[PDB]
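Participant: Here is the sequence, then the experimental structure:
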There are 2 protein chains.
Amino acid sequence: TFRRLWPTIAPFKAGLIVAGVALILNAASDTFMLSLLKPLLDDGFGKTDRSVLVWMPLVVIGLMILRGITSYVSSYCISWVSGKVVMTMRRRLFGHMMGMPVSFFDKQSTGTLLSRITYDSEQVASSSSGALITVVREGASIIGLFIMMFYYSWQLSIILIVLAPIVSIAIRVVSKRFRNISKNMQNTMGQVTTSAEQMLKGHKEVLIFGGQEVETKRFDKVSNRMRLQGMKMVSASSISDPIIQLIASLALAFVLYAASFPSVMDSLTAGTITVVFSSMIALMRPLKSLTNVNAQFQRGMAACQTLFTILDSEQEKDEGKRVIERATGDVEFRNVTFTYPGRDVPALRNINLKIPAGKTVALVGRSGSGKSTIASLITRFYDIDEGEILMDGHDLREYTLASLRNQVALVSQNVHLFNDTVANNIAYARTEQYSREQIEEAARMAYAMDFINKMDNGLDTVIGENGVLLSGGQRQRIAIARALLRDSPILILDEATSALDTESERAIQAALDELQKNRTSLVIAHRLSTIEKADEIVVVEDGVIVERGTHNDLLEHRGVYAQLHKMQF
Amino acid sequence: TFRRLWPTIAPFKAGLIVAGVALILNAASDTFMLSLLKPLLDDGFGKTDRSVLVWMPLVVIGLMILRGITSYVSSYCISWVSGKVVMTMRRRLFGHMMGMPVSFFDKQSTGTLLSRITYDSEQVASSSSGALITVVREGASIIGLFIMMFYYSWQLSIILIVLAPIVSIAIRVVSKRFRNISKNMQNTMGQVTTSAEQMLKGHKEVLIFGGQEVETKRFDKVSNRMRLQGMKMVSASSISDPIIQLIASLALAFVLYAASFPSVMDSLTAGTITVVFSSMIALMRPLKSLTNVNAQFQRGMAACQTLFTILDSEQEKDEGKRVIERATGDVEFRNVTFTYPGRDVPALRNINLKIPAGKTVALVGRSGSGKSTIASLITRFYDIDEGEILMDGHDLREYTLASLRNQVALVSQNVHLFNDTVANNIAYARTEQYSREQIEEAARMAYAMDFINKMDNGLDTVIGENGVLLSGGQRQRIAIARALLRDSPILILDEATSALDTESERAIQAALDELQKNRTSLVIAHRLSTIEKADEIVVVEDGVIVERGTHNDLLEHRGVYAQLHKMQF
């Protein structure tokens, strides 16, 4: 559509208008240069002899310096307004995208999300700038050369611009008719091409059944047919150009025939014919851009509209408003049934799993589904389709989402470190609340003090991407140190890295043991040791808890856990 | 590259040379039109004489008629040239692929085989035509304008032509340097965009840790960073334009200054300088196309190389020179091992299957592995990789290809009909051998003559595509009619569809029975009736003939046939 959000661009409009003035001045310079062509021919030339001729190079080079500075300030100011709107738009996009849930980030768009952040975000400003500079400067050009025509030609310019629509409609209708004829022959050329297709398709039957001379003769016939068809359509397309050239030729022949002196015309001709013709041919392309600017503006505002739909999409529904300072209660599921958005099959039927306070619950039965979502529910990345998860005597969703969400800590195989100092990384979002000595102590009991000590600057070294790129195991240590500093009452572990590293498994296991010494813990590890240490074991084949209790009892009762014990070895 | 294809265009050298003289005449017409401004400017308007300005426009329109006829004969003659090159190329190509074995048609390229026959075949001729018109026409243009301003000025011409290379090297070096600048700033811009990429790659950690307030601050920082990078990359790219325009202006100013600074130029008159300026400006384009002629020629001859490698390929293996009039001998496999070319898995292991003369044998397999291609071995569509098949006590490879294909007749549910008459289709490439009365007599016992009897014009009506579009079952009926007339000693039935068409299934089955009533016949079939009628049953699951014997014998012994009997019902 045409609706736009002016207040996005409004505070910087000053830059826009100065850009605008520069553009018209630039256009004026070109117009002035075209005007400067006129005295160079008649007055500033062999009228008498070498007469002056020395105003021309200084004035043209000065005009060209003028055009240069105008282009410079135009580019600088249009870059200013475009970059500022890009800044504001991307800032608001992040602000209103973080609040939005993972429902978009569920592999819906990750590679093209970068298209969203940079490509179209720059493209909308680029297209708006292109349209604005084209409307202002081409329009200034049309006005300039029109006033030059009127000043230099009160008669010839009028008959010329009256003739212009006639020649344009003539060449347009001729081109349309010849293009229609070309399409008519395209149908028939496509037909004989399909005949040739039908011919070759039956290769096998051609070889097995008899000879091939009839095939060659027939293909000779159809080749001649399509050759004559190519003759006809090439002839039509070619003979389109000398006819439109002839129509323009008649238009031109009429323009100079107007110079056949009446009382109306030829009083003032001079050498002005060249400058007016130059004005016309230089007017040819600004009109083309003047008709393309509408398409450019529509494309730009269409990208704007798509980005607006990405923007104004609803955030996470923060209906809950019950604030909690500390979560000393136990985690319990109440027949929770979940359906994965975008997938017909439900991910999880009703489940009544209870995790008592200060206990370790390991989900051995990852099954084909994997059941990472079961931990995600406490994080509320995905909303609860049915059932409730009671928390200290109240529903999880009833609680203020920030309040509950800060209380839970997640550690997995992969943890995206931020491109800041390692000290910032451990105390991200809590730099003011926590202390540097507290971070140092957290690294101390994390049993990864060696890794942080190995850093060249240590506590304040940049750790994220475009840096040292620490090992995935080291990333796990950093995340667990984050968790220990947080002291989150709720703990959840994925622990997909069942592989044993260069003795970092020992330190990582010690870190898990220390973290789970207190506070609730629901772990999704493949580590049989974690199952042994775990107080309670659950397993789900995507439907329900198949086995419940201590792993020895689930080994005694066959069920499904026994097979997991066999494949665990 | 190139070095060939000249003998093909040799007989059309008359077309080449008439087109060339037409093109150079067109270039001379353009040069004359550019020259026509000098009488118009120096004398047409500036001078008090009036008859001169009405002298020239009739010459303008006449020159443009000349341009029109030259363009028309150019297009027509070069169309003759190109159409003939494509004619000869298509004919030689398809005559070659007649001989090229079926192994090439593996479905390696069938959709783009149409590209080979029309698209690239037209591209070679179109590129040759483009190079021929461009080199001759634009070269005549360079020669024409070079002679032109030399004739009109011995001084301004040389001074323009010596500064021109200086302008080109200056703008080239400036553009290249600023382009290298733009490239490295693009790299730095890419760095910050990758920073943004890792920022929003995962917000899940940002969500759970609730660092909403800090992520926006840091994104604002990096957004300002890439805004400044955009400022720098734009400023450089923008300021590249007025600088190169300034160097061009310096050249223009030098030309104007030297036009009358020394007393050597002297007589530039008034309009002649306009002729030189316009000549240079209109020479800029043909030089640009002169640059691209080499790229166009190499593209065309590369398409020619791709076209030629089809031509420069071995035909089907036709080492055999032994001829058979009627192959009354039996057909028998002896440990024949075959593999599909391009497939690593061995398709066919050794088989010792014997098909006695007169008697017919059957093979049924739902998987289709090896069943389809076992037929092709008798037809020698694909050469046997190892082993021998004895026709009349001699190998198939020993026998001549055409002789062997004459003896054997193929029938299948999918038979590509030809775009010729029904009479031509039944006797294809044999209408000279067999009489028209013989064709209708052949149709008589086929018991599918009913459709051709009710047909609009009887036996002579076109039947293939772009025509009647006969039904699939009736296409199979024409396939059977092809077989009765030949009375081939060897018969191979496919019967893949096994479709029960109401009242046409019975006629088709009866015709098949009559056709296979005599002569050696191998029948692939899922029909239990055809299986029962076969004298011997041999079933293959891509490994070996598993069960040999009658259907009752293959049912008493379980093997695999007892399994197929479950879905045969």
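Facilitator: That came through fine. Residues are numbered from 1 along each chain as shown, chains lettered A, B, ... in the order given.
Participant: what's the longest strand in chain A?
Facilitator: With DSSP state E setting the assignment, residue counts place strand A:331-339 as the longest strand in chain A.
Participant: Quick one: residues in contact with that strand.
Facilitator: Contacts of strand A:331-339 with the rest of the structure, by C-beta atoms under 8 Å, 6 or more residues apart in numbering or on different chains, involve A:346-355, A:373, A:377-378, A:382, A:384-391, A:490, A:520, A:522. C-beta: built from backbone N, CA, C; applies to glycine.
Participant: Strands - which of these land there?
Facilitator: Among the contacts of strand A:331-339, the members found in strands (DSSP E) are A:346-348, A:354-355, A:386-391, A:490, A:520, A:522.
Participant: On the three-state scheme, the residue of chain A positioned farthest from its centre is what?
Facilitator: Among the C-alpha atoms of chain A, the one farthest from their average position, using C-alpha atoms, centre = their mean, is that of residue A:48, at 65.3 Å. For residue A:48, the secondary structure call by DSSP: H, G, I helix; E, B strand; the rest coil comes out as coil.
Participant: ok, so what distance separates it from chain B?
Facilitator: With the distance defined as C-beta to the nearest C-beta, to the nearest Å, residue A:48 ends up 12 Å from chain B.
Participant: next one: residue A:324
Facilitator: The span separating residue A:324 from chain B equals 13 Å under the rule C-beta to the nearest C-beta.
Participant: Test my guess that that residue contacts residue A:403.
Facilitator: Yes: if you go by C-beta atoms under 8 Å, residue A:324 and residue A:403 touch, sitting 5.1 Å apart.
Participant: Send me the longest strand of chain A as PDB with only the CA atoms.
Facilitator: Taking C-alpha atoms only, strand A:331-339 is exported to PDB below (Å, rounded to 0.1, in the frame of the first residue of the first chain):
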ATOM      1  CA  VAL A 331       8.300 -29.000  40.400                       C
ATOM      2  CA  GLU A 332       5.300 -31.200  39.600                       C
ATOM      3  CA  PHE A 333       3.500 -31.900  36.300                       C
ATOM      4  CA  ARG A 334      -0.300 -32.300  36.400                       C
ATOM      5  CA  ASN A 335      -1.300 -34.500  33.400                       C
ATOM      6  CA  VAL A 336       0.500 -32.100  31.100                       C
ATOM      7  CA  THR A 337      -0.300 -32.700  27.400                       C
ATOM      8  CA  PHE A 338       1.700 -30.700  24.900                       C
ATOM      9  CA  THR A 339       1.500 -30.400  21.100                       C
END
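Participant: Residue A:494 touches residue A:526, doesn't it?
Facilitator: No: distance between residue A:494 and residue A:526: 9.9 Å, which falls outside the contact criterion (C-beta under 8 Å).
Participant: Double-check that residue A:138 belongs to a strand.
Facilitator: No: under three-state DSSP, residue A:138 sits outside any strand and is assigned helix.
Participant: can you list the domains in chain A?
Facilitator: For chain A, the structural domains run A:1-152+A:287-316, A:154-267, A:331-568, going by automatic domain parsing.
Participant: of all the ones you listed, which lies closest to residue B:442?
Facilitator: Set against residue B:442 and scored by C-beta to C-beta, these come closest in domain A:154-267, at 14.1 Å.
Participant: what's the offset of that closest one from the middle of its chain?
Facilitator: When C-alpha coordinates are averaged (C-alpha atoms, centre = their mean, to the nearest Å), domain A:154-267 and its chain have centres 41 Å apart.
Participant: Then stretch A:425-434?
Facilitator: For stretch A:425-434, the distance from its own C-alpha centre to the chain's C-alpha centre is 32 Å (C-alpha atoms, centre = their mean).
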